[PDB]
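Written below as structure tokens is the structure these notes are about.
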Ligand SMILES: [Mg+2]
């Protein structure tokens, strides 16, 4: 990588959007993954005080 | 909406606690371990009639040692060295 | 404290219930 | 062939085992990004401020980006732009600001 | 979980009995053996 | 009065020095500051197990998130790591998943291969190969 | 033995096959030979290791700092050689495995610097309506260590 | 049961202890079988001699090995 | 508690383990009274072991003011400039020896909270993880729900 | 110098100029920038990844909030990789011969 400090931090802690399509899909399984990705239970840098929440767009 | 009477664990009308699967598996494994213990405890060696006094000498020696250790209680010795070197509290550059 | 024989079924102890549930047909 | 993990993202791992039987050796070379998986960077060259009479009119118009609001609409705009809650844009009491560590220790 | 190691003969707790506890942790750089701990 | 108290203020200061960052009258009223400091010290002493449990749960959650991002699960990963004669606690696994992704991906691949070999041995009741990466080392 | 393809006939997971064991061993031998060649030719840099010292698994890398909760009965200024290496590797290659690595593979060198205790911790007990109150101050000794460099030998 | 456990030398949990195989200890173990675990003790080799005292191990599954080392096979 | 006392980080003063190790302790100003029953340990120390303690490490200077006081104290200054003053009021020779040995072994850092006992300068080796890790790239980086 | 970044002690102005000069000194044509990954282009917190390609071959990559800072970071990474002063270099051997 050989990155600096501010660009490395901006690349690490950043908001990532997601697209979750519906159509013949149960709402529970979609809501579970949506909340998992909103809380941050999909990244190793998960922390309650880090505020690593992403964006989930369910259509 | 559903209200429980006085104390859900003691009394007459109580909240019933049931069994799941973890408790069943624990009971099964404990019963298996206890059956294994029963099997391993189903074979003697001396058949009682061959141990009228094989290790009584060791018990007697241990009892005599305990008696000698319990009957040898006495206050510790008192020397003059402590009373003499206690005078070093007010020691100067000597 | 209740008696040994009553009309309201009387739920058994937790250990007794576990034993009866693990030793079924 | 067989592969435990798809060798098309992040890294390319290759599992192996030493013939001695006391250590595990694994060789995983880095994976780059090909040229067919990139897009050209757009260059927004917008220019709609020059004319024929004057030349510094664009420099004068460049100093026309100013807007004033109160507190409600400002906090609402901040919340709708940063996707946050309006409760974080309000000030804080002095008791919660005097106890703030102005010179915290720094690592690395 | 450590129940699988009970069938091989390495007990169930890796922090005791094995090459991770009875083995000396540190040692000198020249080659002198380190004194074993009291445990 | 004979040989009464002449150093009570020092005890008051010694008690209040632990209550210099509280809200309300607890930082000034000694009668309440005593109870406040007592409860604070009791909670600070009892929260060690809570801190340990929180750190362990955070490590477990990080490992689970990393395993889900790579393409596996947490119980299967833990089982395959404990069945490969490699002793790595949760802290080093989380540190690798956060900083060193290549070795973590290699560990995930090894775990998947060990799980596949175990499934093959269970379906074949093994007999002859029993897994290339298996073969436990006997220490006498 | 033939079953029609329905919803519960085939398992949900894909059927995974295993390659030839001889070919797998040959590939493993080729990979470890390439790794030995890359190690002996010098194409690595900035390596880390997981040393199990004082029952604590650290991320022992180049130029780092660790702290234990006891003493080592050593003077400040002596080099310490750490063993119990279970994982090591610089870039593009890592080494593992069965309980430990070999003693001639990884050679970790540490050095003791500072020997200080700890901050005065507080251990307090209390019970309600029982006149029960205990208090202590525990100051445990600690030892600061610093790992210099980590060498590796191409004796695979 | 507490008295039997304290007299059999089983204060701490998960602590091994070896007794005889006589009807007395048999009954003492049958009393607290619902509290402890009974497992036999076998010897793969011979009894530890005077020189093989500081080098011994209990091992798992009850196998009192006379020669315990820290080197693999 | 930790919320009432300041904290710091675990680091070296000038990287002693990398290059060469130097002695952090500099001066040791002892104040032993001439007459009294509260400095007997310090007197016996200066009589029997201060020469050995001075000859053990030449980088530490020992000052004996010998001022007639009541509470024997010791001043220990380090390279960073920290001055830790402790009292050896009514202590044995072994206790004072252990205390001065612990003072000579430690540096000038504070005895407050450690805060993270492990410290590294190069934490990232194989690239620091980012949200785009373990995600394959599509053809020409085309975003989903597009036409081209 | 342990743990410190290279350009923090150098403090250059135009990394692209020195990069293309070093490339011309290494018999290289001219680098061109391509957008590798991106996330959020209309929000207040954008993220981009610009990858420098030389003769259809990637050499480095640099993140950033916009495109200019991303290209600057990519050029800095490429220039540090061409000089051999990276984070995976050999640490200084503090020993005696
Ligand atoms: Mg009620």
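Quick rundown of the values:
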item: Kirkwood hydrodynamic radius of chain A, from inverse mean 1/r over distinct Cα pairs, in Å; result: 13.0
item: Estimated translational D of chain I in µm²/s (Stokes, Kirkwood radius over Cα pairs; 20 °C; 1.002 mPa s); result: 108
item: Distant alpha-carbon pairs in chain B (separation over 20 angstrom), percent; result: 79
item: Gap separating the Cα centres of the stretch B:37-72 and the stretch F:1-74, nearest whole Å; result: 55
item: Relative exposure of J:81, J:56, judged by other C-beta atoms within 10 Å (fewest first); result: J:56, J:81
item: q = 0.19, 0.20 Å⁻¹, the stretch D:67-107: log10 I(q)/I(0) [Debye, one scatterer per Cα]; result: -0.73, -0.75
item: Residue exposure sequence - G:2, J:83, I:21 - by fewest surrounding Cβ within 10 Å; result: G:2, J:83, I:21
item: Cα centroid separation - the stretch J:29-48 against the stretch G:8-86, whole Å; result: 36
item: Solution diffusion estimate, µm²/s, Stokes-Einstein, chain D, Kirkwood Rh from C-alpha pairs, 4 °C, viscosity 1.567 mPa s; result: 56
item: For chain G, calculated [θ]222 nm from helices alone, where every DSSP H run of n ≥ 4 adds -39500 (n - 2.57); result: -4500 deg cm²/dmol
item: Kirkwood hydrodynamic radius of the protein assembly as shown, from inverse mean 1/r over distinct Cα pairs, in Å; result: 35.6
item: Cα-based shape type of the stretch I:1-50, given that a ≥ b ≥ c are square roots of the gyration tensor eigenvalues and the cut on a/c is 1.5; result: oblate
item: Residue D:50-residue J:14 FRET efficiency (beta carbon distance; Förster radius 30 Å; 0.05 resolution); result: 0.65
item: Average Cα contact separation per residue, chain I, under 8 Å, 6 or more apart, as relative contact order %; result: 31
item: Gap separating the Cα centres of the stretch I:70-148 and the stretch F:119-140, nearest whole Å; result: 45
item: Chain F: relative contact order in percent, alpha carbon pairs under 8 Å with at least 6 residues between; result: 15
item: Cα-based Rg of the stretch J:1-74 normalised by 2.2 N^0.38 Å, two decimals; result: 1.24
item: Residue D:89 versus residue H:12: modelled label distance in nm, points set 7 Å from Cα along the beta carbon direction; result: 6.3
item: FRET efficiency for residue I:21 and residue J:93, using Cβ-Cβ distance with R0 set to 22 Å, rounded to 0.05; result: 0.80
item: Projected area averaged over orientations for chain F, convex hull of C-alpha atoms, nm²; result: 17.5
item: Simple spin-label estimate for residue G:43 and residue D:30 in nanometres, 7 Å along Cα-Cβ; result: 1.3
item: Sorted by Cβ density within 10 Å, fewest first, the residues D:98, F:44, D:26; result: D:98, F:44, D:26
item: Hydrodynamic radius (Kirkwood) for chain G, which is based on Cα pairs only, to one decimal in Å; result: 20.6
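Methodologically, a virtual Cβ is constructed for each residue, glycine included, from the backbone with ideal geometry; neighbour enumeration extends over all protein chains shown. FYI, it's all coordinate maths here, none of it is from the lab.
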